[PDB]
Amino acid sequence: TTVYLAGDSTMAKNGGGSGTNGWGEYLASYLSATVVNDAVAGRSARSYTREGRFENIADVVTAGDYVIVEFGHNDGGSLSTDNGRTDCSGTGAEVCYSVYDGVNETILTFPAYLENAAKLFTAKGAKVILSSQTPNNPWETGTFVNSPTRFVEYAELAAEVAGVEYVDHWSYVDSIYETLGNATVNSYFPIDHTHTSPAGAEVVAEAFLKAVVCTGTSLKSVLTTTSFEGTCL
């Protein structure tokens, strides 16, 4: 069994640079399955699709494998000053066009990209798990601020429409960060409010696994332990 990870710098090996790391790097210790971390810094659901990264996972994935998809951090912004990452606004079949990198590109909504990827993987027999993006430092101002992005609910909607599993990674990380306190969570963010240090990546990875056990996600079957702090929800 192989577990494929598709995500951004919050998940990728080497994180966002300068000593940060991604949470996908701390998953393998807890699974009896091979983990292939295909997350890449700077990618959104759009650019990951455009660069052929979802397609490449589709090529090697086999029946019984898992694919965990988690995007959102790089998905916002404005299409007027197109950075190649911003998705089209909307929750459904809406379509946008923008000239980026010498191509009049057809741009889909965030949910559309995730649904399309899930359909490719599911048709081959892989188990797909859409996961909401991790939160940016909620203690940044000294007090706890709980503010999810639209991509948190969008991921849930995508899982509903595609008929796959959903893991609310956002809530589980924000819940544990709230209990950790100001001084500790701030120490997890060395250079900005997004990229986690190795300790913060470990906490983020454990929170994903806490979400899996609490919700009963299929991945539970290759989980080596359920000993993680926090509570369900």
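In this text, residue numbers run from 1 along the sequence as written.
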field: Mean C-alpha B-factor comparison - 193 to 201 and 26 to 34, higher one
entry: 26 to 34
message: Quick check on the record: does 150 to 158 or 96 to 104 carry the larger mean Cα temperature factor?
response: 96 to 104
- prompt: In the PDB entry, which of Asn83, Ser131, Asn116, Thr122 has its C-alpha at the highest B-factor?
  reply: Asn83
query: Which one of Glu51, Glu178, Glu206, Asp168 shows the top CA temperature factor in the record?
result: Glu178
Chain third (lowest, middle, highest) by recorded CA B-factor, residue given as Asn186: middle
task: Among all modelled residues of this chain, ranked by Cα B factor, put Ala41 in the bottom, middle or top third, i.e. lowest, middle or highest.
output: lowest
task: Select lowest, middle or highest to describe the third in which the CA B-factor of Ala63 falls within its chain in this entry.
output: highest
task: Would you please rank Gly72 by its C-alpha temperature factor against the other modelled residues of its chain and give the third it falls in: lowest, middle or highest?
output: lowest
message: For the chain shown, is the CA B-factor of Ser18 in the lowest, middle or highest third of its modelled residues?
response: highest
